[PDB]
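Chains: A, B, C and D, in written order; residue numbering restarts at 1 for each.
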């Protein structure tokens, strides 16, 4: 219709500008509540320009498409747009837009009272535009997760230091008795003096109790600050148990790859020590785990067991398709038979001096050497050698279909392919009875 | 029999009222132990009305059915009811009901002594009605788990602040020497003065050491408070290691859905970067993981692999039964053959521009388009198109039973069904040899 | 041979007595190092009786069998016993037995010096008998794990409070300058006075910094205590990060059963809300998860998938063997055919009003009602009913071997057995072609 | 070519020497920044000898092979070596080598200024040689993981104590007002006195706030130290939430073997208590879990399900190959038939008095006794006995191919082999129709 979708450029840059008017309007919202208690006319225009840019956006979000939850498609219908916005965030977001301190200055008051500037704390209710941006950026795959989760953990404590260093200056500044307050016991005057733009003393108190260091030079004196310190030191129990529990969740997400690798190396050194294995086979099982971690990641088979059928079969056709193409065992065969390279477990990456195929074995699989070198041997000491692109196991459908002639083992560092009795024995039926003819030509 | 079962309304509202008489009777139980040490006749009637409502419930729970543990059925037998209650919570719950301070006032005493009002601390033994309600509400599926586990974590610390701010006023109030106590060193009188209903000073001390802030304005002076601070600061080691360990368990339960999603996106970007994949296939595997998370949740296949046989087969008959009904390949077929839509993996939700079926493939499955659109193509650039309810893979049991004619790929956002060679090839035997006749009519 | 095995009664009660002489000899080992610096003749006999009971056990452990690591059998050979004990714990355990303070009093000294009573700190090296008992009791299945792991966490901190409250009294008691120490700044004399058997002041200092409360009434004054507080406050970083990390491991072991239950309920309420399921099928899938948790535990199928072959088949022969015995479909059949009740998935426990078998289905399984009641119905509203021990699905090998006549659904609370086409169709071969004869007699 | 590979001995010992010149050059880098503010000529030669050994290594790393990331092979090409080093760590590592304090002494200055010795803090940028050594040693399997991860956790806090105890002495030493600083309020002079080589006071302040103990004897006085304490106490929130989250990760890696063992024992005692099993079968299922943990580890089947095909088949040929060799059922058979001992589940280790084979069962497997003893019995009380190397189940391919004659059960402690109907029934095809002849000879 005549509705703008909630995507680029005239809306995802307007929404990024209203975030900068929430970070500002949640900094001066408890700061002018305590320190700058005049608010005559100097900052008065910025807090009304900003409050005007949040009245436009009440109008503007009756024209956004909102991306329906049960259909996963955009809704372009100005009635269902309207009933949704009027039921979730209209009675909440119009109570943060109507001016109480600027506009209702004209009735009787002087722009300052206790139960009249507390109504200006509803400009902290527009913080949901920032909290619903951290929820959106966590699922955006082009943004990091360790540096969004810590930005959410930093911005919460920076707001808890600020909003409780300005709520403990109001208890001291509005005490009818003399300086028997937390700041008055060491700095006896602290008013109309001591450089009001440097409120570092009020933040130094808040960081000392939120981190639970506690020096005791600033502490509660009157029973008004004993109530506030009880309600603040119960908040800091819940805060530091939330930062520690979140950083514990992040360290586990940090170091889970290197820890489950050191679990499987440990479990394969417990196995080769209980059974008193020789050193010549313990090195073959430990060099393989180290090379599987360097090359195949940690969970690669679980990664591409979730791709449906055609994302997986298109990965295996960019990868090693001209490897299985130009070998002699499939030469002059049709395109559609070498379009079944969909069960190649090509994640081999064998280390040097590792046996791929033993001397005699149940001949389960052929291997295709992608890059590297392999040296055949016979029962005591023989010598044959395969080159950098050949096949090393093709005598599992011929005169030795119950045995193996050589015992190959790598020399440099070799990547193989491992086609395993599902595309030569369990693929009798599709095409290519010609492959069994191409093998006997090489044996002359 | 004549026995009331432990369910609604005359028992699950009576049990909710005795919880409010435990929250009260665990607040004034250490409060009148220390501050209001008179207890002449003012609060005396409320602590005996409440103590009478706990004598009724000793009688009443000889008539409750209790829901046997090895049979999972209610026991209505007034003898086995009686032996169970007399062996678990009778010698414990009659020691919290007999009045020691009210009733044994009449022998010799004045209602106050050290070893006589400590016997009134057995009214803290009725706290098991609250602790066995948090265990019941955690397994009730109509109550939340993140806001029951934090209510249990708040009520434990609120009781630890209260019961140790009233046990450290008794050490100061009952010290025979003058004000060389923790409160006497700063407020030298603090007795018969300083507004006894405002005991905020005793809670301000307890919150300062339980959170381990520690200001040092209130500290131990005499060796009676040095013993109590040792036994209290060893409790706060075990308390804050229990709140942090529980909130770490809750944050892991909070953010496990978005963290294992960002693990699988990371593992599929490590795979497409080691193998140097082109950008045109990396976008197909990354847009699929993002859409599988939005629609199929996280573990949906593990959810409905635990439903037995008929909960699962009734889900698949409300869902997409008139989808597989009115298509041409099953038209005029019996009801009982299209009552085997029990292996439809209908959780497709394919993104736009994703290939469902390649050009040539092992023809494993037919697909039924539920909602969306799909455009067929030929080897270079062709064009055919399926509508919003048709079948896009039905040539896997006919003239191309070893191949595929088109290569379909989505355009809008499409949900499919994927019946896969278990209800057309491995269902030769039940019924419907007519389905192979309905296909040749559409090919004319 | 003539060797005692390391088991009951004359050795596992002697070893439990030497543990009580380690708990004692690790309490007075830093206590007489600092406070009771005389040690003339009063406690002198107990520290030599105890030191004699540890010289017997050097002799005695040349006659213990020790239970070999690679063979899991006891070694009774007094030579290999000897080489093992002489290589692990002989040069360590004879350095904790030879008396330096008692026995070498006779050369020149008065039983006290700095570099002579530090050699009596090697009586802390016999703590390995306690540390190797916590490792043994953790794998003993008749002892708890939550109350052994916390006893190890309590005994470590109780020793860290004691051994660092006695090492910070030696810095104050042996300072050549006057009372400008941590205790001397508030209690100026503190020597030959202030009730030496009450060293609570030295423990009150240690608990204040180990829990990191910190009051500042006792702090370091001289640069000897500034060095000790640096080496102690680096130990308390490693200590409280070890208690919090261990209690986090215990809370996860505490509450893993109720948390993964609330994960699977949540995942099945996300599934029934995205697909807009009716309320009459959402209650069937949610009442089943709640009853599977109450009765089948959490992981029962993973429990008895690890028992080898005959522990599992003997569980299923005590359980529900006279259930499958005396039914009509196996009546007059041999013992060895109803000795194949080894694939009965009897963990049914169906809730009320849950459908077991639909109206028409692939007839996969028969069910045997163990306890409860079941009511059959026909397509709209019919009525038949099975009793408390009958068979409800036996028409899957007869005239309806492609269908189902009724649609049973529970009424009370029912436990079933579910034999599923592996002991009636895939057991044609063993015995009992008579079972197909017993079915046609009941149909007359 | 003429290029040295990054391995032993002339490079992996040169790199270990430059680590000792980073540990030194990150200790005196903030130490001479604050305390030794002269730096005339005494330490001047060591900070230029060290700065010369880091100018050699800028030259030397244009000749190292670097082990390519996508090929896992060394690159010997002096052009691609050069473009890699010039793009990662050349503009970073030449800014830490050019002398600013020594070499630019000759222009105008006296070797000390604020914005001139801050440029000597770029000698902290050579710390990446230490941080990239902890990343390398974590994946080296010949080094431990619990004592590399704690060495990284100790070295971070030792640097945070040092670098913030020297940055808070510069605020006190360079304050133009008199001693109204943190150290000046208690030690009023502290300059040209109080033993400058003992800066323990500046570390005692830093350890008191980093561990959040907080005594209050040293606290901020001027508004320069109130800014530094805010920026430091926000760092200590992020530091102690990183040490606790890392030690929680290490304790879970510490005690995961004994915790999942106590989970499976608990889950098998919940199962044998709900079903009211007799004590004679509960002991058989609990003694088996305890012996499977002692011998088979925790995850042994998951260990050797990842070895490819020939590491696994060479483990089973060193292990129990002369066990299956010299038994009567395979005597005089070829080598290649007893080269298929690749499906032997030899991890039995049965406890005493445990039934291996019941009286009548589906005869699924034969067993070969490796070490131990086994006693046969008949239905009530019979007696036969197998020796220490015999076969105990071979009547599953003969006259009782639907039954079992004895019911063996162990007596001492027995390890078996369990060949299970895949090498006698599903190996009809390879060789050895002679094995069925060798069985009838033993039955005479």
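By our rule, a contact is a pair of C-beta atoms (placed from the backbone, for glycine too) under 8 Å apart; a residue touches a chain by one contact, two chains touch by 3 or more.
Novice: Among the listed pairs A-C, B-D or A-D, choose the one whose interface is a repeat of B-C, with over half of the contact pairs the same by residue number.
Specialist: When the residue numbers line up for over half the pairs, the pair is A-D.
Novice: Using the touch rule from the top, work out which pair, B-D or A-B, shares more C-beta pairs.
Specialist: Result: the pair with more contacts is A-B.
Novice: Round to the nearest whole Å and give the separation of the Cα centres of chain A and chain B.
Specialist: Inter-chain centre distance comes to 24 Å.
Novice: Report, in whole Å, the distance between the mean C-alpha point of chain B and the mean C-alpha point of chain D.
Specialist: Distance between chain centres: 34 Å.
Novice: Could you list which residues of chain C touch at least two other chains?
Specialist: 212-216, 244, 248-249, 274, 295
Novice: Under the definition above, what is the set of chain A residues touching chain C in their complex?
Specialist: Residues 70, 212-216, 244, 248, 274, 276 of chain A touch chain C in their complex.
Novice: With touch defined as at the start, can you tell me which chain A residues reach chain D in the complex?
Specialist: Within the complex, chain A contacts chain D at residues 157, 198, 200-201, 203-204, 207-208, 211-217, 240, 243-244, 247-252, 255, 258-259, 261-265, 267-268, 270-271, 274-275, 277-278, 281, 284-286, 288-295, 348-349, 354-358, 360-362, 364-365, 402-403, 413.
Novice: Along chain C, where are the residues that touch chain D in the complex?
Specialist: 72-73, 138-139, 141, 145, 209, 212-216, 219-220, 223, 226-227, 229-230, 233-234, 236-238, 241-242, 244-246, 248-249, 253, 295, 297-300, 302-304, 306-311, 313-315, 318-319, 335-336, 339-340, 342, 430-431
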